[PDB]
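A.B. asks: Submitted below is the structure of interest, expressed as C-alpha cells.
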Amino acid sequence: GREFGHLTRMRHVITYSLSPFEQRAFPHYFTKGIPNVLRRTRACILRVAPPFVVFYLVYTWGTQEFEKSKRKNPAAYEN
Amino acid sequence: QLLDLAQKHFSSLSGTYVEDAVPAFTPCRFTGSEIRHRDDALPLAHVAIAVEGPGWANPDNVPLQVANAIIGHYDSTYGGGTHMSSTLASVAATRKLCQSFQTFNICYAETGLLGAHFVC
C-alpha cells in the first residue's frame, strides 16, 4: 500500500545532497547551536513555564499549610 | 602533402598569449553528491550514478573498460534478453526492470566519471 514509489505526486522540486564523508558531522555545533537553542527556549518558555510556576506556588502553599495545621494552637489550652 | 598545406595555410597561427596571459589547467575535485529533479509527470525515470575514474593517461583505463564491458549494456530492443551474459541485463530482461541501461567510462585529463545510466 504505502511504498516509496507511489506515495505522492511532486513536480519540479530539485534537491542537492552531499556525501556524509565529504561533510562534517558537527558543523558550527556551538557557534550556531547555542543561539538556536536560546531562540527555541525563548519561543517556548512563555507558553510552557507559567503552569509549572503555578504548580510550584501551589506545592509550597500546600506544604506550608499542612505544616501549620500540625502546629499547636495556643487558644485551645487558654483555660 | 598535408604538412606542406598546413605550412602554407596554418603557419600564421601563433601560440603567443597577448600580454603574457596564459590559461592554467586546474585539477577538478570530485564530490560525492546527489541531485534529484523529481518530475513525476515525466514518463520514465533517468538515473546516472558514477564514481571518480582515471584520467585519459592512467593505465587503469583498460581494466576498468573490461569491467564495464563485463557489466554490459541493455536496451529493451535488445534481442538477447534473458540469455544475455550480463547478469544485470538478464535480470532486467526477465523482470523488465529497465527500458535501457548502459555503462559509461567518461575520462577527462585528471578525473573521470565511471558508472552507469539506466532508464526505468
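We label chains A, B, ... in the order they appear in the C-alpha cells, count residues from 1 in each chain, and number ligands from 1 in the order shown.
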Show me, as an MDAnalysis selection string, the residues that have an atom within 12 Å of residue 25 of chain B when counting only C-alpha atoms, minus same-chain residues fewer than 4 positions from it.

C.D. replies: chainID B and resid 108:110

A.B. asks: Given the selection you just returned, output its residues as a file containing N, CA and C atoms, formatted as a PDB file, in the first residue's frame.

C.D. replies:
ATOM      1  N   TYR B 108      38.345  12.570 -18.350  1.00  0.00           N
ATOM      2  CA  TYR B 108      38.971  13.858 -18.594  1.00  0.00           C
ATOM      3  C   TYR B 108      40.441  13.775 -18.187  1.00  0.00           C
ATOM      4  N   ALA B 109      41.170  14.876 -18.388  1.00  0.00           N
ATOM      5  CA  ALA B 109      42.624  14.823 -18.267  1.00  0.00           C
ATOM      6  C   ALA B 109      43.057  14.301 -16.903  1.00  0.00           C
ATOM      7  N   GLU B 110      42.458  14.809 -15.825  1.00  0.00           N
ATOM      8  CA  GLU B 110      42.855  14.418 -14.480  1.00  0.00           C
ATOM      9  C   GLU B 110      41.781  13.671 -13.703  1.00  0.00           C
TER      10      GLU B 110
END

A.B. asks: May I have the residues of chain B within 8 Å of chain A, counting only C-alpha atoms, written as a compact mmCIF listing (two decimals) with N, CA and C atoms, in the first residue's frame?

C.D. replies:
# COMPACT_ATOMS: atom_id res chain seq x y z
N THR B 31 33.15 15.43 -5.97
CA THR B 31 32.38 15.47 -4.73
C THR B 31 31.24 14.46 -4.83
N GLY B 32 31.19 13.54 -3.87
CA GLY B 32 30.08 12.62 -3.79
C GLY B 32 28.82 13.38 -3.43
N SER B 33 27.83 13.37 -4.32
CA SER B 33 26.64 14.18 -4.13
C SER B 33 25.48 13.55 -4.88
N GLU B 34 24.28 14.00 -4.55
CA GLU B 34 23.07 13.53 -5.20
C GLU B 34 22.23 14.73 -5.61
N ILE B 35 21.88 14.80 -6.89
CA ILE B 35 20.99 15.83 -7.42
C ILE B 35 19.76 15.13 -7.97
N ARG B 36 18.60 15.39 -7.37
CA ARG B 36 17.35 14.74 -7.75
C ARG B 36 16.36 15.80 -8.19
N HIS B 37 16.07 15.85 -9.49
CA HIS B 37 14.98 16.66 -10.01
C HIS B 37 13.76 15.76 -10.16
N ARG B 38 12.86 15.83 -9.19
CA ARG B 38 11.68 14.98 -9.16
C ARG B 38 10.59 15.61 -10.01
N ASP B 39 10.29 15.00 -11.16
CA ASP B 39 9.21 15.43 -12.04
C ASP B 39 8.38 14.19 -12.34
N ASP B 40 7.42 13.89 -11.47
CA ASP B 40 6.62 12.68 -11.62
C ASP B 40 5.81 12.68 -12.90
N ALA B 41 5.61 13.84 -13.52
CA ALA B 41 4.92 13.87 -14.81
C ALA B 41 5.71 13.12 -15.87

A.B. asks: Taking the chain letters and numbering used in this document, name the residues of segment 1-51 of chain B that DSSP puts in helix (DSSP H, G or I), as a list in words.

C.D. replies: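 Matching residues, listed in order: residues 2, 3, 4, 5, 6, 7, 8, 9, 10, 18, 19 and 20 of chain B.
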
A.B. asks: One decimal, in Å: what's the spacing between atom CA of residue 103 of chain B and atom CA of residue 23 of chain A?

C.D. replies: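 That distance, rounded to one decimal, is 28.4 Å.
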
A.B. asks: Run DSSP on the backbone of this structure and report the residues of chain B it assigns to strand (DSSP E or B), as a PyMOL selection string.

C.D. replies: chain B and resi 33-39+46-53+74-75+100-107+112-119

A.B. asks: Limited to C-alpha atoms, could you put the picked residues into a file as a PDB file, in the first residue's frame?

C.D. replies:
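So the final result, stored in selection_31.pdb, reads:
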ATOM      1  CA  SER B  33      26.642  14.184  -4.127  1.00  0.00           C
ATOM      2  CA  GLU B  34      23.066  13.530  -5.202  1.00  0.00           C
ATOM      3  CA  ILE B  35      20.990  15.831  -7.415  1.00  0.00           C
ATOM      4  CA  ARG B  36      17.355  14.741  -7.748  1.00  0.00           C
ATOM      5  CA  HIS B  37      14.980  16.664 -10.014  1.00  0.00           C
ATOM      6  CA  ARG B  38      11.683  14.978  -9.163  1.00  0.00           C
ATOM      7  CA  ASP B  39       9.211  15.429 -12.038  1.00  0.00           C
ATOM      8  CA  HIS B  46      16.590   8.544 -15.642  1.00  0.00           C
ATOM      9  CA  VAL B  47      19.343   7.821 -13.118  1.00  0.00           C
ATOM     10  CA  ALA B  48      23.083   8.213 -13.655  1.00  0.00           C
ATOM     11  CA  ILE B  49      25.480   7.045 -10.941  1.00  0.00           C
ATOM     12  CA  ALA B  50      29.250   7.363 -11.184  1.00  0.00           C
ATOM     13  CA  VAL B  51      32.430   7.209  -9.146  1.00  0.00           C
ATOM     14  CA  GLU B  52      35.594   9.147  -9.826  1.00  0.00           C
ATOM     15  CA  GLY B  53      37.654   7.457 -12.503  1.00  0.00           C
ATOM     16  CA  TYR B  74      20.972  -3.405 -22.180  1.00  0.00           C
ATOM     17  CA  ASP B  75      18.068  -1.864 -24.064  1.00  0.00           C
ATOM     18  CA  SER B 100      17.660   0.822 -21.083  1.00  0.00           C
ATOM     19  CA  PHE B 101      20.862   0.559 -19.065  1.00  0.00           C
ATOM     20  CA  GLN B 102      24.371   1.438 -20.196  1.00  0.00           C
ATOM     21  CA  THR B 103      27.783   1.691 -18.564  1.00  0.00           C
ATOM     22  CA  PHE B 104      29.954   4.696 -19.347  1.00  0.00           C
ATOM     23  CA  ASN B 105      33.621   5.473 -18.787  1.00  0.00           C
ATOM     24  CA  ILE B 106      33.903   9.232 -19.247  1.00  0.00           C
ATOM     25  CA  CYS B 107      37.518  10.370 -18.914  1.00  0.00           C
ATOM     26  CA  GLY B 112      36.643  10.909 -14.957  1.00  0.00           C
ATOM     27  CA  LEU B 113      33.111   9.680 -14.406  1.00  0.00           C
ATOM     28  CA  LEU B 114      32.829   5.887 -14.187  1.00  0.00           C
ATOM     29  CA  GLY B 115      29.375   4.396 -13.719  1.00  0.00           C
ATOM     30  CA  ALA B 116      26.083   3.583 -15.401  1.00  0.00           C
ATOM     31  CA  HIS B 117      22.917   5.229 -16.724  1.00  0.00           C
ATOM     32  CA  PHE B 118      19.609   3.348 -16.531  1.00  0.00           C
ATOM     33  CA  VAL B 119      16.115   4.415 -17.608  1.00  0.00           C
TER      34      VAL B 119
END

A.B. asks: Work out how far apart atom CA of residue 76 of chain B and atom CA of residue 99 of chain B are and give it in Å to one decimal.

C.D. replies: 5.0 Å

A.B. asks: Near residue 89 of chain B, within 8 Å and counting only C-alpha atoms, which residues show up once chain neighbours fewer than 3 positions away are dropped, as an mmCIF file with N, CA, C and O atoms, in the first residue's frame?

C.D. replies:
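See result_3.cif below for the written result:
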data_model
loop_
_atom_site.group_PDB
_atom_site.id
_atom_site.type_symbol
_atom_site.label_atom_id
_atom_site.label_comp_id
_atom_site.auth_asym_id
_atom_site.auth_seq_id
_atom_site.Cartn_x
_atom_site.Cartn_y
_atom_site.Cartn_z
ATOM 1 N N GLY B 72 28.209 -4.613 -18.905
ATOM 2 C CA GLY B 72 27.444 -4.655 -20.128
ATOM 3 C C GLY B 72 26.486 -3.498 -20.299
ATOM 4 O O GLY B 72 26.475 -2.512 -19.555
ATOM 5 N N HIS B 73 25.666 -3.633 -21.338
ATOM 6 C CA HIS B 73 24.655 -2.653 -21.698
ATOM 7 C C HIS B 73 23.399 -3.389 -22.133
ATOM 8 O O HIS B 73 23.470 -4.464 -22.731
ATOM 9 N N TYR B 74 22.245 -2.804 -21.820
ATOM 10 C CA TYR B 74 20.972 -3.405 -22.180
ATOM 11 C C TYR B 74 19.979 -2.340 -22.610
ATOM 12 O O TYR B 74 19.880 -1.279 -21.985
ATOM 13 N N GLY B 81 18.045 -10.562 -24.536
ATOM 14 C CA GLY B 81 17.144 -10.696 -23.404
ATOM 15 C C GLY B 81 17.735 -11.543 -22.295
ATOM 16 O O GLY B 81 18.858 -11.315 -21.835
ATOM 17 N N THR B 82 16.974 -12.554 -21.865
ATOM 18 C CA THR B 82 17.319 -13.281 -20.647
ATOM 19 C C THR B 82 18.665 -13.986 -20.764
ATOM 20 O O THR B 82 19.441 -14.021 -19.803
ATOM 21 N N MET B 84 21.315 -13.187 -22.230
ATOM 22 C CA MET B 84 22.489 -12.331 -22.308
ATOM 23 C C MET B 84 23.406 -12.584 -21.118
ATOM 24 O O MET B 84 22.949 -12.773 -19.987
ATOM 25 N N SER B 85 24.716 -12.587 -21.382
ATOM 26 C CA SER B 85 25.679 -12.971 -20.354
ATOM 27 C C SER B 85 25.624 -12.025 -19.162
ATOM 28 O O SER B 85 25.715 -12.460 -18.008
ATOM 29 N N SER B 86 25.484 -10.727 -19.419
ATOM 30 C CA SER B 86 25.461 -9.753 -18.340
ATOM 31 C C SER B 86 24.333 -10.058 -17.368
ATOM 32 O O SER B 86 23.157 -10.068 -17.744
ATOM 33 N N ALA B 92 17.251 -7.643 -15.881
ATOM 34 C CA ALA B 92 16.380 -6.585 -16.374
ATOM 35 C C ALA B 92 15.437 -7.108 -17.447
ATOM 36 O O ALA B 92 14.258 -6.740 -17.482
ATOM 37 N N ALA B 93 15.938 -7.963 -18.339
ATOM 38 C CA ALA B 93 15.065 -8.541 -19.354
ATOM 39 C C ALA B 93 14.018 -9.453 -18.728
ATOM 40 O O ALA B 93 12.835 -9.381 -19.079
ATOM 41 N N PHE B 101 19.782 0.359 -20.018
ATOM 42 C CA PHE B 101 20.862 0.559 -19.065
ATOM 43 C C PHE B 101 22.182 0.467 -19.808
ATOM 44 O O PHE B 101 22.389 -0.448 -20.610
#
